[PDB]
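Trainee: my complex, first installment, coordinates as in the assembly:
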Amino acid sequence: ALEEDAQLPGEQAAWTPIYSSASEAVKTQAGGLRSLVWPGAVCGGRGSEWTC
């Protein structure tokens, strides 16, 4: 799992969340992660589809 990666300096996780909407009440929104070590590397899924 990506959770067991090398943390960045300061007990910081190496992957940061990204969301599709600013409100937690929209019912069909995407989710994903962005890489801190390699800026520009993104993974993300919406519903049944996903991509890196």
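Mentor: Cool, got the structure. Numbers count the residues shown, from 1 in each chain, chains lettered A, B, ... in the order given.
Trainee: Report the spatially nearest residue to the residue positioned nearest the centre of chain A, omitting neighbours in sequence.
Mentor: The centroid of chain A falls nearest to residue A:33 when counting by Cα atoms, centre = their mean (1.3 Å). Distances taken as Cβ to Cβ, 6 or more residues apart in numbering place residue A:15 nearest to residue A:33, at 4.4 Å, with adjacent residues excluded. Every C-beta, even on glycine, is put in place using the N, C-alpha and C of the backbone.
Trainee: Same question for residue A:29.
Mentor: residue A:20 (4.1 Å).
Trainee: Also residue A:26?
Mentor: residue A:20 (7.9 Å).
Trainee: In contact with residue A:49, which residues?
Mentor: With contacts defined as Cβ atoms under 8 Å, 6 or more residues apart in numbering, residue A:49 has no neighbours.
Trainee: Show me the beta-bridge partners of it.
Mentor: residue A:46 (DSSP bridges).
Trainee: which residues of chain A fall in strands?
Mentor: A:15-19, A:31-35, A:42-46, A:49-51 (DSSP state E).
Trainee: Tell me which residues touch the residue nearest to residue A:19 when sequence neighbours are not counted, please.
Mentor: Leaving aside its chain neighbours, residue A:19 sits nearest to residue A:31 (6.3 Å; criterion: Cβ to Cβ, 6+ apart). Residues in contact with residue A:31 (Cβ under 8 Å, 6+ apart) are A:17-20, A:44-46.
Trainee: same deal with residue A:28?
Mentor: Taking Cβ under 8 Å, 6+ apart, one finds A:46-47 in contact with residue A:28.
Trainee: related to what we said a few turns ago, does the residue nearest to the centre of chain A have any beta-bridge partners, and if so which?
Mentor: With DSSP bridges as the rule, residue A:33 is bridged to residue A:17, residue A:43.
Trainee: Hmm, residue A:14 and it touching each other?
Mentor: No - if you go by Cβ atoms under 8 Å, residue A:33 and residue A:14 don't touch, sitting 9.5 Å apart.
Trainee: now the sequence for chain B, which goes on the structure above:
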Amino acid sequence: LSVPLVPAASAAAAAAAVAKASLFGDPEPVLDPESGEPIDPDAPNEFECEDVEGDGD
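Mentor: Take a look at chain B, now in place beside the chains above:
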């Protein structure tokens, strides 16, 4: 050409734009002016909808 920033016959269009922009994000907590306490937000209605965004896709 020399016109104002926005005509005076535009309050309806401005109200429309404010209503449309209020759709996005969460509503800001408003407070009671005389009291100073925040106004209790409305409890949301329970409903079922489709995925309008996927249909747009």
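Trainee: now with chain B: the contacts of residue A:28?
Mentor: The contact partners of residue A:28, by Cβ atoms under 8 Å, 6 or more residues apart in numbering or on different chains, come to A:46-47, B:51, B:53-54.
Trainee: Among these, which one has the most neighbours?
Mentor: Counting neighbours by other Cβ atoms under 10 Å in any protein chain shown, residue A:46 leads the contacts of residue A:28 with 17 neighbours.
Trainee: separation between the residue nearest to the centre of chain A and chain B?
Mentor: Distance of residue A:33 to chain B, computed by Cβ to the nearest Cβ, to the nearest Å: 21 Å.
Trainee: which residues does that residue contact?
Mentor: Per Cβ under 8 Å, 6+ apart, neighbours of residue A:33: A:2, A:15-18, A:42-44.
Trainee: returning to what we had before: would you format the contacts of residue A:28 as CSV with distance to residue B:18 included?
Mentor: Formatted as CSV, these follow (distance: Cβ to Cβ, whole Å):
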residue, distance to residue B:18
A:46, 30
A:47, 32
B:51, 27
B:53, 23
B:54, 28
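Trainee: Tell me how far residue B:53 lies from residue A:30.
Mentor: From residue B:53 across to residue A:30, the span is 10 Å (Cβ to Cβ, to the nearest Å).
Trainee: meant to ask about residue B:20
Mentor: In terms of Cβ to Cβ, residue B:20 sits 23 Å off from residue A:30.
Trainee: what do you get for residue B:41?
Mentor: Counting by Cβ to Cβ - residue B:41 and residue A:30 are separated by 26 Å.
Trainee: So which residue is smack in the middle of chain B?
Mentor: Centroid check for chain B by Cα atoms, centre = their mean gives residue B:22 as the closest residue, at 2.0 Å.
Trainee: that older thread, between the contacts of residue A:33, which is nearest chain B?
Mentor: Among the contacts of residue A:33, residue A:44 lies closest to chain B (Cβ to the nearest Cβ), at 15.1 Å.
Trainee: list the contacts for the nearest residue to the closest one once chain neighbours are set aside?
Mentor: Distance criterion Cβ to Cβ, 6 or more residues apart in numbering or on different chains; nearest residue to residue A:44, sequence neighbours excluded, is residue A:32 at 2.7 Å. If a contact means Cβ under 8 Å, 6+ apart, then residue A:32 has A:17-19, A:42-45 as its contacts.
Trainee: add one more, call it chain C:
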Amino acid sequence: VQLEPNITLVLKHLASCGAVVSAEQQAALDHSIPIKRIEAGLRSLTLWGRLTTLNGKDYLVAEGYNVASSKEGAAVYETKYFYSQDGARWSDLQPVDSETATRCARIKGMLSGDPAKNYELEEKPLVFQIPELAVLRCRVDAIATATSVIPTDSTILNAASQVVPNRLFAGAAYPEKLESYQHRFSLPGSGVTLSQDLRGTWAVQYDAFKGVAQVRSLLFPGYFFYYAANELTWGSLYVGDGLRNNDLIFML
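Mentor: Following on from the chains above, chain C is added here:
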């Protein structure tokens, strides 16, 4: 000749450079920018950029102004900045003192995404607490004074000694050369262009068939500018955490 950059064309031309915004934020901007522009009394207001944060709530930053005037050999734009975290409600991004500017310049890393957070610095042991919005404003100021790119001779001076669009601008003769572009704060007719900048801090890719030039900053990686010569439009955008690239000498 355009009168103001168009966010649709900007997002269309600079999408290949990875400078993109969310779909919800795109719609929300389409509604929110005119509202704020009117209720602030500004003549121009555009999307300046988007700074990434650690909790996923990136800061959208917008920049507006009313009129630009020539003062002391510089084209000064009395700009005002606003920030947002959803694209719908814009808050003020207030200026920062000069003394605090140094401290926030010392703070590095990706921003937290919590406007109420404040970082700590230690000096001779006096500790200062710097609000996050101060750091954000300072990074925006640095990136702005570094890039602020427009085409050369696209502005002009009028009778009241104000900088106004040159509506008879014909276009850049050689769009693939850095001489065709300049900083915003350089007076018209001053002959100072991007070629007077430190050699190697700008890259230019020009598609001579479609007529679209892309100018990328290498000193602040994340600042992109586009110029379309067949339609005579242009515009820029910053997307990234806001930190300067200090290792540039080793990377060229």
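Trainee: The contacts of residue A:28 again, this time with chain C added?
Mentor: Residue A:28 neighbours (Cβ under 8 Å, 6+ apart): A:46-47, B:51, B:53-54.
Trainee: Tell me how many other residues crowd the residue of the stretch 51-200 of chain C found nearest chain A.
Mentor: Residue nearest to chain A within the stretch 51-200 of chain C (Cβ to the nearest Cβ): residue C:86, separated by 3.7 Å. Residue C:86: 19 surrounding residues under other Cβ under 10 Å.
Trainee: Give me the phi and psi angles of residue B:19.
Mentor: Backbone torsions of residue B:19, given as degrees, to the nearest 10, read phi -60, psi -40.
Trainee: Please apply the same query to residue C:102.
Mentor: According to degrees, to the nearest 10, residue C:102 has phi -60, psi -50.
Trainee: neighbours of it, just the number please.
Mentor: Count around residue C:102 with other Cβ under 10 Å applied: 11.
Trainee: what does residue C:191 give?
Mentor: Residue C:191: 11 neighbours (other Cβ under 10 Å).
Trainee: What residue, apart from its backbone neighbours, is nearest residue C:69 spatially?
Mentor: residue C:162 (5.1 Å).
Trainee: er, residue C:49 actually
Mentor: Per Cβ to Cβ, 6+ apart, closest to residue C:49 is residue C:238, 3.2 Å.
Trainee: touching chain B at all, the longest helix along chain C?
Mentor: Using DSSP state H, we find that the single longest helix of chain C is helix C:23-39. Yes - against chain B, helix C:23-39 shows contacts by Cβ under 8 Å from any Cβ of the partner chain at C:23-24, C:27-28, C:31-32, C:34-35, C:38.
Trainee: Pick out whichever of those residues sits closest to residue C:61.
Mentor: Distance to residue C:61 across the residues of helix C:23-39 next to chain B (Cβ to Cβ) is lowest for residue C:32, with 13.1 Å.
Trainee: contacting residues around the closest one?
Mentor: B:21, B:24, C:84, C:87-90.
Trainee: how about the helices of chain B, start to end?
Mentor: B:11-21, B:52-56.
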